[PDB]
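By convention in this document, chain letters (A, B, ...) are assigned in the order of the sequence lines, proteins followed by strands, and residues within each chain are numbered from 1. What's counted below: heavy atoms across the whole structure, side chains too, no hydrogens, waters or symmetry copies.
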Amino acid sequence: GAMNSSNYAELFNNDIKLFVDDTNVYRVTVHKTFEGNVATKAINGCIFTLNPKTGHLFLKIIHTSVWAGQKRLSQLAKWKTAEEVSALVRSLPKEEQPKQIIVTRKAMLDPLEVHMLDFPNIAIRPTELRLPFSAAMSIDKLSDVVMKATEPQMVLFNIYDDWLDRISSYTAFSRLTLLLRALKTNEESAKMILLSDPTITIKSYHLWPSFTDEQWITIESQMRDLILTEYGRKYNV
Amino acid sequence: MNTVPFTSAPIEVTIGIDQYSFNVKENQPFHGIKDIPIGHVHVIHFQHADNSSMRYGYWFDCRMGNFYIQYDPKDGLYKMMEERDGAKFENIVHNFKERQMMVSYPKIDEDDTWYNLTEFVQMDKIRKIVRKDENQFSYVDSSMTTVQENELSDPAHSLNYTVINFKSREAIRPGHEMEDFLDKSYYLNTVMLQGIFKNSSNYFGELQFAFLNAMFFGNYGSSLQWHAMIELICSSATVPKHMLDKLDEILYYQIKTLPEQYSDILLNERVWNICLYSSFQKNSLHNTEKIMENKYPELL
Ligand SMILES: O=C(Cn1cccn1)Nc1ccc(Cl)c(Cl)c1
């Protein structure tokens with residue numbers, strides 16, 4: 001069933017699983033028309049599909065052309081997501097296909113379940129965690145590849161960089177979600193924390209800075225300070 | 001007009017005959033029911049005074065043979081059986097009709113309720129849903145489960161309703177996943193009507209029989225089946241106009257007849273609100289919406 005604080009370590013066992021987040025699939029800017037009415041203009045989007053154990057991220061980029069001439073785009077976005085997840089699973093060899101797919105929003109359950117009827121042994125689950133994957137477009141290299149795409153495209157990343165060489169996947173996921181939570185609560189501060197100085201650079205093949213263990217502790221502390229703060233600033237405490 | 005005679009009434013029991021019912025006391029001189037209208041299926045059902053658990057009963061059509069009821073003290077229930085010696089039947093029934101030991105099927109002349117509840121229900125189709133082929137009548141009770149329920153456990157004693165599942169390969173064409181889940185016309189018209197039921201009269205018949213088993217026996221799986229078959233139509237954008245008008249009439253009389261005190265368990269809030277207010281057919285069920293809003297506004 002649903003995923004919550006109590007069955008948290010299941011994410012890091014040896015059963016292949018994917019998180020799927022659709023919050024950045026259908027993105028718009030809202031603007032005024034010459035007649036003073038409001039219109040949306042769609043911008044490129046992405047499906048954030050992530051293996052939390054290995055850090056592999058299958059970033060399916062959603063080009064605006066896929067909305068052309070379609071109605072009810074928020075509903076269609078959910079079914080497009082599921083169609084692209086289903087195509088992804090079918091492209092993987094059997095031994096690489098997930099045993100579970102966990103959706104970050106419950107409205108994806110029916111669209112994914114219908115698209116995966118061919119896969120009766122793949123469990124589609126919701127979660128009660130408030131995961132911050134929507135902030136994935138605050139990661140510069142991911143934002144960049146989504147906005148530069150001129151056609152539908154899949155790009156593969158490891159969102160943990162080389163962290164697993166030194167830390168467990170439980171710790172890597174905790175770091176990842178702290179970083180994304182920070183970026184979601186106050187993007188500017190979070191981004192200032194990560195890279196204002198340049199003696200800790202982002203390798204060309206990485207998404208995040210090459211911090212040492214001791215620098216990650218300081219970074220991680222700064223993000224918690226940020227998050228607790230914004231939370232007082234927000235409720236005045 | 002036909003007759004179901006009873007050997008005797010050895011245990012106190014509430015007898016129902018279609019939408020009617022009467023109390024019979026322990027060892028009361030009761031010998032059956034007469035003046036039953038020919039041309040319709042009927043159901044004769046029972047609730048023991050001692051054990052309200054297990055309502056049970058028998059769907060039958062008097063054109064298909066001479067039927068009587070006989071208490072079985074081993075199995076403890078009133079059993080429908082067939083008298084194959086037609087002269088013994090006429091003689092026994094005439095003996096009791098002369099002694100005035102029978103209740104008269106009490107149809108009011110203005111009253112088309114039973115016709116309206118059973119318009120499309122045929123015995124031959126009931127016998128395929130309730131498989132017991134040595135008998136011309138069909139036994140149903142509260143506890144019997146459906147074929148679909150046994151997939152989610154005695155196959156002989158099941159209700160073999162047509163399986164409907166909105167999240168199934170049968171319901172959803174590859175490549176039309178979104179289209180077919182939000183608009184079930186493909187599944188209603190090609191798969192069910194054209195493929196399985198052959199016509200809407202068979203579809204309606206199964207839906208009316210599902211409702212009647214839910215109402216008379218509190219059979220949960222039957223209610224599930226009723227609701228499913230409504231929802232499939234209501235959730236199709238493309239439904240023949242004659243089916244919509246007929247459905248509205250069907251539902252109207254089902255809602256009219258439902259006991260007011262059983263609405264909380266026999267009516268599915270979600271299905272009904274969806275059908276009447278959200279679905280493609282939200283504006284096509286005028287008579288059904290009007291009686292539902294005036295009788296069960298609480299559910300909506
Ligand atoms: O059938 C029996 C008992 N029996 C007949 C031959 C072997 N045993 N009695 C009987 C028959 C027909 C009717 Cl309609 C009624 Cl009410 C009672």
Self-check item: chain B contacts, top residue of A:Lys78, A:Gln75, A:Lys80 (heavy-atom pairs, under 4.5 Å)
Solution: A:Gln75
Quiz item: In this structure, are over 12 heavy atoms from other groups packed under 6.0 Å from B:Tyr220 atom OH?
Solution: no
Quiz item: Under 6.0 Å from the CD atom of A:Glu188, do we count more than 12 heavy atoms belonging to anything else shown?
Solution: no
Quiz item: For B:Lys128, does the NZ atom have more than 12 heavy-atom neighbours from other residues, nucleotides or ligands under 6.0 Å away?
Solution: no
Quiz prompt | Per-residue contacts, residues 166-194 of chain B versus chain A, heavy atoms under 4.5 Å | solution = B:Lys167, B:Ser168, B:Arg169, B:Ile172, B:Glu177, B:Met178, B:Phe181, B:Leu182
Exercise. Count the heavy atoms belonging to other residues, nucleotides or ligands that lie under 6.0 Å from OH of A:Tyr170, then report whether that count exceeds 12.
Key: no
Practice problem: Might you confirm whether atom NZ of A:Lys99 has over 12 heavy atoms from other residues, nucleotides or ligands at distances under 6.0 Å? | Solution: yes
Quiz prompt | Under 4.5 Å from a heavy atom of chain B, the part of A:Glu83 involved | solution = neither
Quiz prompt | side-chain hydrogen bond (donor to acceptor under 3.5 Å, both in side chains) partners of B:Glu293, counting only residues at least two apart | solution = B:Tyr277
Quiz item: Can you tell me if NZ on B:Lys290 sees more than 12 non-hydrogen neighbours from other groups inside 6.0 Å?
Solution: no
